[PDB]
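Visitor: Just the first chains of my complex for now:
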Amino acid sequence: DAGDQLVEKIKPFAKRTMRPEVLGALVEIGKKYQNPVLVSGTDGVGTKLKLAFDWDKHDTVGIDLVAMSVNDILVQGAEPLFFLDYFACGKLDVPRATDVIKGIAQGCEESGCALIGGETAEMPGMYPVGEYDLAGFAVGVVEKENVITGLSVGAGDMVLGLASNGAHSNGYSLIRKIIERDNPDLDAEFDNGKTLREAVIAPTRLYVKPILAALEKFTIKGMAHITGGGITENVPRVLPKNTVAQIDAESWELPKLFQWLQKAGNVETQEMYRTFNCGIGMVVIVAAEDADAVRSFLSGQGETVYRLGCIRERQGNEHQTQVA
């Protein structure tokens, strides 16, 4: 069987993601946790899969898949533990599927979680030749007293920003409409020694290792993963009803990729802040007394940290995240 051929080829990829907790697929919880709470989430890649088909580039969308879930569970303080993926298609292409799952496993390695199982469904006729669908599922563990809830966020807290690797996994319907409209030279140098194509399909950044190392030394009051809805619709999810996150627009330069998308797309700036991450992949809220020490740590871990702004008292039905 094709799927049986695929199962053997991916055994090496998954074997490198294993953890001592991995014993259906059985996972033990480390005695590290006294009162363990499980944090889980599911997601797909979105319309970025369309560029992966069109460009025949399948070895990175698996990193996008994993990041979408492990980064989501990360905001509660959870350490990612294990991951499962579901892969659906019409007729199985073992070399191309192997590439897809190889990237998944690679993203699991970077997140410190084990890829312990999955499912490859062949539905002949439901998918066009060459196309497929991906779903991922992540589970992490956090101590009950260490759950990051955002309830202590109050006026005076400083808003930090972790830089993103590009558009990540959101806003690609617009990126695709633009590219089909301009037919731009996708293989020309675009930024930081990467071609425009390389910048567009760049895999989503994982924040797991530096954020977890940070939590060993500091208290993080809240976090927001910047995905669907951009900055302004995602940060208010951890903010108390009475607080506003005020973002100074000049605290970070808009990366070149988003500068191109707004120009070509002719998008009002406030629509950009609610559509693309605009270079901000993860928002970390901390106490002002900790803001400097955390920024140095996260920068020393390899991240690019900005001081986006601070938390203030809300005035009425005021929007809870304003960039200006």
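Guide: Nice, thanks for sending it over. Numbers count the residues shown, from 1 in each chain, chains lettered A, B, ... in the order given.

Visitor: My read is that residue A:224 contacts residue A:72, right?
Guide: No. Using Cβ atoms under 8 Å, residue A:224 is not in contact with residue A:72, being 10.0 Å away. To be clear about C-beta, it is placed using only N, CA and C from the backbone, and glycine gets the same treatment.

Visitor: between those two, which one's more packed in?
Guide: Between residue A:224 and residue A:72, counting by other Cβ atoms under 10 Å, residue A:224 is the more crowded of the two (23 against 20).

Visitor: So what touches the host helix or strand of that one?
Guide: Element membership for residue A:224, per DSSP states H and E: strand A:222-225. Contacts with strand A:222-225, where a contact means Cβ atoms under 8 Å, 6 or more residues apart in numbering, come from A:71-72, A:74-76, A:148-150, A:153, A:207, A:211, A:234-235, A:237-239, A:281-285.

Visitor: For it, what is the distance to the chain centroid?
Guide: Offset of strand A:222-225 from its chain centre (Cα atoms, centre = their mean, to the nearest Å): 11 Å.

Visitor: How about stretch A:135-147?
Guide: Worked out by Cα atoms, centre = their mean, stretch A:135-147 lies 15 Å from the chain centre.

Visitor: which parts of it are buried?
Guide: Residues A:135, A:136, A:137, A:138, A:139, A:140, A:141, A:142 are the ones in stretch A:135-147 that count as buried (16 or more other Cβ atoms under 10 Å).

Visitor: got it, and stretch A:78-91?
Guide: Buried residues in stretch A:78-91, counted by 16+ other Cβ under 10 Å: A:78-90.

Visitor: would you turn the residues you listed into CSV with secondary structure?
Guide: CSV is the format used below for the buried residues of stretch A:78-91 (DSSP: H, G, I helix; E, B strand; the rest coil):
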residue, secondary structure
A:78, coil
A:79, strand
A:80, strand
A:81, strand
A:82, strand
A:83, strand
A:84, strand
A:85, strand
A:86, strand
A:87, strand
A:88, strand
A:89, strand
A:90, coil
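
Visitor: Give the residue farthest from the middle of chain A.
Guide: residue A:1 (34.1 Å; Cα atoms, centre = their mean).

Visitor: Domain ranges for chain A, per the record?
Guide: Here the domain parsing of chain A from curated CATH domains is A:1-148, A:149-324.

Visitor: Sheet partners, orientation included, of the strand holding residue A:224?
Guide: Paired neighbours of strand A:222-225 in the sheet (DSSP bridges): strand A:280-286 (antiparallel).

Visitor: contact partners of the partner strand?
Guide: A:71, A:150, A:153, A:157-165, A:168, A:204-205, A:207, A:211, A:218-226, A:231, A:234-235, A:238, A:245, A:252, A:294, A:298, A:306, A:308, A:311.

Visitor: Just the CA coordinates for stretch A:3-13, please, in PDB.
Guide: Output of stretch A:3-13 as PDB, limited to C-alpha atoms (Å, rounded to 0.1, in the frame of the first residue of the first chain):
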ATOM      1  CA  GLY A   3       0.200   4.700   2.900                       C
ATOM      2  CA  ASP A   4       2.200   1.700   4.300                       C
ATOM      3  CA  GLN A   5       5.200   3.000   2.200                       C
ATOM      4  CA  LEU A   6       4.700   6.500   3.600                       C
ATOM      5  CA  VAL A   7       4.500   5.100   7.200                       C
ATOM      6  CA  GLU A   8       7.900   3.500   6.900                       C
ATOM      7  CA  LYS A   9       9.500   6.600   5.300                       C
ATOM      8  CA  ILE A  10       8.400   9.000   8.100                       C
ATOM      9  CA  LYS A  11       9.400   6.700  11.100                       C
ATOM     10  CA  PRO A  12      12.900   8.400  11.100                       C
ATOM     11  CA  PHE A  13      11.400  11.900  11.100                       C
END
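
Visitor: let's bring in chain B now:
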Amino acid sequence: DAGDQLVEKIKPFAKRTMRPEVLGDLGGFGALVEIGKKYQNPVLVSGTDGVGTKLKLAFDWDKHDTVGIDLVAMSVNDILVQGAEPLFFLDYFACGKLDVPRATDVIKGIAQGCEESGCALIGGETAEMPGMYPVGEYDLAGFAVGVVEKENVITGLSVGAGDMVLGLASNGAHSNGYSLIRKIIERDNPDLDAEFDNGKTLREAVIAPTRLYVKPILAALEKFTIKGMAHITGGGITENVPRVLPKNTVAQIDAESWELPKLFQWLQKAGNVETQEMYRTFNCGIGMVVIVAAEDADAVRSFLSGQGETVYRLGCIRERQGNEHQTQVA
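Guide: Chain B, in position alongside the others:
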């Protein structure tokens, strides 16, 4: 947004699946589940699956309120065989254009399958991919997580010659072999609305949702020790039962110990399928296989039957002879 509309419509359905372990409700970056020292050495058991080609019939007949039960059973029944209590569930729903009434119907069945299994439906994802799916069509993926004490993990390693093999009856073909069911139906055009069996139309028999074995099996585990279990999915009876059998044992099934249900009788005739090929393709009326000690077989059969199940004494375990196949039906 359509998806924001769908999340609101399904929140009541998920709220009826909740358990005390679930912290918070639908909506939020992550879904929180506490375990509690109710478990001393807790082990998580998880699985993922889709519905398979049965969705094609769900499209054709415009019956979407039960394939979500099929989705749940495919995963919760899998983790059940290791002795795990299903705890929580997440679903992924992909389509081209979101049809909120139909999506509401699909997820409503998911919640119903979760309610019947005792697991909470705590989260999910609705992806709109315009152009990847024809109008009206969608894809389902589910993820189930259960808990078991490390010492109670059921592995089948103590299965030995002399143990009795019980069989739990199925509701039909469940979630496997449906590409073939569709080829047959599209060729013969049989009256799908005629009475066929047990006062149900043939259509009702074909699209019947997969049976959930969670509540009776977990209740059984309180009173008895189960040596092994098999959920009968792809590969039928003969390819799934040997998964829990030690290298040196064989499960011999007397074919006359249960009647092939009418639905499979029609599929064999219309498909012109060798009988030993049916045992490797369809569940043939056996949804779950339970192996127990011979001294417990009488009480276990009685208990599971009193819980609402149809129990057969499929056969017994014997010593394997060479490269002998580990499950033979005769």
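
Visitor: same question on the contacts of strand A:222-225, but with chain B included?
Guide: Strand A:222-225 has contacts (Cβ atoms under 8 Å, 6 or more residues apart in numbering or on different chains) with A:71-72, A:74-76, A:148-150, A:153, A:207, A:211, A:234-235, A:237-239, A:281-285, B:29.

Visitor: List the ones among those residues that fall in helices.
Guide: A:71, A:72, A:74, A:211, A:234 (DSSP state H).

Visitor: which two in these are spaced the farthest apart?
Guide: A:211 and A:234 (16.0 Å; Cβ to Cβ).

Visitor: isn't residue A:111 right up against residue A:65?
Guide: No. Counting by Cβ under 8 Å, residue A:65 is not a contact partner of residue A:111; they are 11.2 Å apart.

Visitor: Have a look at the two and say which one is more surrounded.
Guide: Remark: of residue A:111 and residue A:65, residue A:65 carries more neighbours, 33 against 29, as counted by other Cβ atoms under 10 Å in any protein chain shown.

Visitor: Let me see the contact set for the more buried one.
Guide: By Cβ under 8 Å, 6+ apart, residue A:65 lies in contact with A:43, A:44, A:45, A:85, A:103, A:104, A:107, A:134, A:135, A:136.

Visitor: and which of those is nearest to chain B?
Guide: Checking the contacts of residue A:65 against chain B by Cβ to the nearest Cβ gives residue A:135 as the nearest, at 3.8 Å.

Visitor: Residue A:85 is in contact with that closest one, correct?
Guide: Yes. Under the criterion of Cβ under 8 Å, residue A:135 makes contact with residue A:85 at 6.9 Å.

Visitor: now the strands for the stretch 1-150 of chain A?
Guide: A:25-28, A:36-43, A:79-89, A:114-122, A:132-143 (DSSP state E, counting those that start in this stretch).

Visitor: Dump those strands to JSON lines, plus distance to chain B.
Guide: Converted to JSON lines, the strands of the stretch 1-150 of chain A look like this (distance: least, Cβ to the nearest Cβ, whole Å):
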{"stretch": "strand A:25-28", "distance to chain B": "5"}
{"stretch": "strand A:36-43", "distance to chain B": "4"}
{"stretch": "strand A:79-89", "distance to chain B": "4"}
{"stretch": "strand A:114-122", "distance to chain B": "5"}
{"stretch": "strand A:132-143", "distance to chain B": "4"}
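
Visitor: circling back to that earlier point, for the contacts of residue A:65, which ChimeraX command selects only the ones that are buried?
Guide: To isolate the buried members of those in ChimeraX, using 16 or more other Cβ atoms under 10 Å in any protein chain shown:
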select /A:43,44,45,85,103,104,107,134,135,136
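
Visitor: Excluding chain neighbours, what is closest to residue A:49?
Guide: residue A:61 (6.3 Å; Cβ to Cβ, 6 or more residues apart in numbering or on different chains).

Visitor: isn't the one you found right up against residue A:47?
Guide: No. When contacts are counted by Cβ under 8 Å, residue A:61 is not listed as touching residue A:47 (11.3 Å).

Visitor: got a list of what residue A:226 touches?
Guide: A:164, A:168, A:234, A:235, A:277, A:280, A:281, A:282, A:283.

Visitor: Flag every residue of the stretch 201-324 of chain A that's near chain B.
Guide: Contacts of the stretch 201-324 of chain A with chain B, taken as Cβ under 8 Å from any Cβ of the partner chain, map to A:223, A:224, A:225, A:237, A:238.

Visitor: Apply 10 Å and report the result again.
Guide: Applying Cβ under 10 Å from any Cβ of the partner chain, one finds that the stretch 201-324 of chain A approaches chain B through A:223, A:224, A:225, A:227, A:228, A:229, A:234, A:237, A:238.

Visitor: OK, contacts around the nearest residue to residue A:29 once chain neighbours are set aside?
Guide: Leaving aside its sequence neighbours, residue A:29 sits nearest to residue A:36 (Cβ to Cβ, 6+ apart; 5.2 Å). By Cβ atoms under 10 Å, 6 or more residues apart in numbering or on different chains, the contact set of residue A:36 is A:29-30, A:78, A:81, A:141-144, B:33-37, B:39, B:42.
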